[PDB]
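Heads up: the structure comes next, in structure tokens.
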Amino acid sequence: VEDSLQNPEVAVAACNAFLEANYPXXXXXXXXXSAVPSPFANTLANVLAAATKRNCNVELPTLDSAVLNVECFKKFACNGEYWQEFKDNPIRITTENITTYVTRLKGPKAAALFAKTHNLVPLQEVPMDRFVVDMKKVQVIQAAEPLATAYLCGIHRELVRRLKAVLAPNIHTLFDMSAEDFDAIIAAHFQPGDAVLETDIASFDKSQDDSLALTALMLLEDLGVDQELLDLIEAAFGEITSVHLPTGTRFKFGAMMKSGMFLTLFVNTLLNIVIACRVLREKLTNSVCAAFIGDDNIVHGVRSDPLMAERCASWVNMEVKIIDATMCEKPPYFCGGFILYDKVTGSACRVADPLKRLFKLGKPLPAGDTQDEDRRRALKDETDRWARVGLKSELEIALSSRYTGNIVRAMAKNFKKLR
């Protein structure tokens, strides 16, 4: 009955019909990791506008809600340490923090000559005046742009791991996390029949609650982001993330804006954590494992109640959407894939996602673009992962939950599915 599919064109037709039926190492769709238009990075622009209204304009019912948000975040997801130590010591990036950037990106002698080229006095904080200038607020000196980019990336790395410092051992973020670390975390705590609360947030591309922007600002301040770093980020992006990008247009941005995108994703993940602290409360603290990335989160051992939703809707312009899931029954989704249970090995693993991979190969690929796995071998090997018998039934029920239903055989001829 599955014999037609091993023709490539019946396969592509079944894929088109499936992807029409359900139309609406860790692809989240340095690093430390025909559509609707939205700004370059909306949430960062919101945060900087809130920073401007911190003094230019002064909003109780929003600032009080922001305070309640920060205190829920600090009580339900944090161990309770390093807050005064992080406030009393704002983030300052050294010349060593730039070496470990230029070496890990281009090499040791590159960093030697770079520091050697900008008088990077070692063990010393990088003096901001070497790459930003006041006007008579601040502005990037157009001469040395790589320095500003490197020190923005240093801010990003320090923010990431300081968040890692403040959070409780059960709260996990996908930053700085190797695939095998995530594998171990997933395998230790996910057995067949476990309850998993999955959550999506589909509105980080639109105006915040404004209390959420002010919350993110306060949490960045508590992490060590002072007014000077704020001024730096303003000069870097305060005139860039107010503009929408043409949908259907390829852009090859510089590194400063990949870093802007990075702390945008960071602020989004922070807001995800605070929203989960807001909805789950104690059930988040006592979970043995909670994972967050961007607008994706899963929480182990927690099941919904009729009254999570009256708080899920408590945000304007936000669509916070719960999903109840059960290991091997409702296989949960997280960050471009499912959490299945390989059960020849007897452990839970995370594997990628056919709907998203196929909707991804629905777009054309040129030759100038590097192809680590061209001609659908990146598809061949995870077809081999989800067409082996320790996974395939758990996956077919996962897709019964998501979405014939045996498209994995149709996925094996490559350039036909692009259409």
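Numbers here are sequence positions counted from 1.
Residues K53 and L214 have side chains not in contact (no heavy-atom distance under 4.5 Å, counting atoms from C-beta outward). With a 4.5 Å cut-off on side-chain heavy atoms, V320 and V279 do not count as touching. Counting only heavy atoms from C-beta outward, the side chains of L270 and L163 approach each other to under 4.5 Å. By the 4.5 Å heavy-atom criterion applied to side chains, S287 and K283 are not counted as neighbours. Contact of the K74 side chain with the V166 side chain is not registered, since no non-hydrogen atoms from C-beta on lie closer than 4.5 Å. Side-chain atoms of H156 and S259, non-hydrogen and from C-beta on, never get closer than 4.5 Å to each other. Side-chain contact between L379 and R357 is present, with at least one heavy-atom pair separated by less than 4.5 Å. Here the side chains of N272 and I201 are in contact, with some heavy-atom distance below 4.5 Å.
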Check against side chain to side chain donor-acceptor pair (under 3.5 Å), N297 and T199: CA-CA 5 Å; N297 77 42; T199 311; 3.0 Å; yes
Apply the test salt bridge (charged side-chain N to carboxylate O under 4.0 Å, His left out) to residues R162 and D222: give CA-CA distance (whole Å), side-chain angles for both, the deciding distance (0.1 Å), then the verdict. CA-CA 10 Å; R162 268 167 173 245; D222 290 2; over 6 Å; no
Under the side chain to side chain contact (heavy atoms under 4.5 Å, CB included) criterion, do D64 and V67 qualify, and how do the steps go? CA-CA 5 Å; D64 312 287; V67 172; 5.6 Å; no
Go through it in stages, so that I can follow the logic: the residues are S203 and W315, the test is side chain to side chain contact (heavy atoms under 4.5 Å, CB included), and I'd like the CA-CA distance, side-chain angles, deciding distance and then a yes or no. CA-CA 11 Å; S203 191; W315 284 277; over 6 Å; no
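Atom CE of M256 is separated from atom SG of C153 by 9.0 Å, given to the nearest 0.5 angstrom. To the nearest 0.5 Å, atoms CD1 (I293) and CZ (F334) are separated by 7.0 Å. Separating the OG atom in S401 from the CG atom in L395 is a distance of 10.5 Å, to the nearest 0.5 Å.
Although no hydrogens or angles enter the test, the distance criterion places no donor-acceptor pair under 3.5 Å between the side chain of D369 and the main chain of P366. Judged by distance alone, the side chain of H172 and the main-chain N or O of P169 form a donor-acceptor pair under 3.5 Å. Between the side chain of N69 and the backbone N or O of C72 there is no donor-acceptor pair closer than 3.5 Å. In this structure a side-chain-to-backbone donor-acceptor pair under 3.5 Å is missing from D194 to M327. Between the side chain of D384 and the main chain of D381, no donor-acceptor pair closer than 3.5 Å is present. For the pair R419 (side chain) and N16 (backbone), a donor-acceptor distance under 3.5 Å is absent. Judged purely by atom type and a 3.5 angstrom limit, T285 uses its side chain to pair as donor or acceptor with the backbone of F76. When atom types are taken as modelled, the side chain of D200 and the backbone of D296 share no donor-acceptor pair closer than 3.5 angstrom. Panel note: side chain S400, backbone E396; no donor-acceptor pair is recorded below 3.5 Å. In this structure, the side chain of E198 engages the main chain of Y333 through a donor-acceptor pair within 3.5 Å.
The environment of NZ in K164 is crowded: more than 12 heavy-atom neighbours from other residues, nucleotides or ligands sit within 6.0 Å.
Aromatic ring centroids of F251 and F40 lie 6.0 Å or more apart.
Partners of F73 according to the ring pair (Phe, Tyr, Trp, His ring centres under 6.0 Å) rule, which considers only residues two or more places apart in sequence or in another chain, do not exist here. Applying the ring pair (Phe, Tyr, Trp, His ring centres under 6.0 Å) test to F86 and every residue at least two apart in sequence or in another chain returns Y82. A search for ring pair (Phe, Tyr, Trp, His ring centres under 6.0 Å) contacts involving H300 returns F190, not counting sequence neighbours.
Shortest non-hydrogen contact noted between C349 and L391 is SG-CD2, 4.3 Å. Between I186 and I339, the shortest heavy-atom contact is CD1-CD1, 3.7 Å. Shown here for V140 and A148, the closest heavy-atom pair between the two residues is CG1-CB, 4.3 Å. Looking at every heavy atom in both residues, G193 comes nearest to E329 through CA-OE2, 4.1 Å. The two residues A216 and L271 come nearest to each other via the heavy atoms CB-CD2, 4.0 Å. Heavy atoms only, all atoms of each residue included: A202 and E319 are closest at O-OE2, 2.7 Å.
Checking each of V302, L197, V299 against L284 for a side-chain contact (heavy atoms from CB on, under 4.5 Å) leaves exactly one that passes, namely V299.
Note on ring orientation: taking the six-membered ring where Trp is involved, the planes of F266 and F175 are tilted (angle from 30° to 60°).
When only modelled atom types and interatomic distance are considered, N317 and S207 share no side-chain donor-acceptor pair under 3.5 Å.
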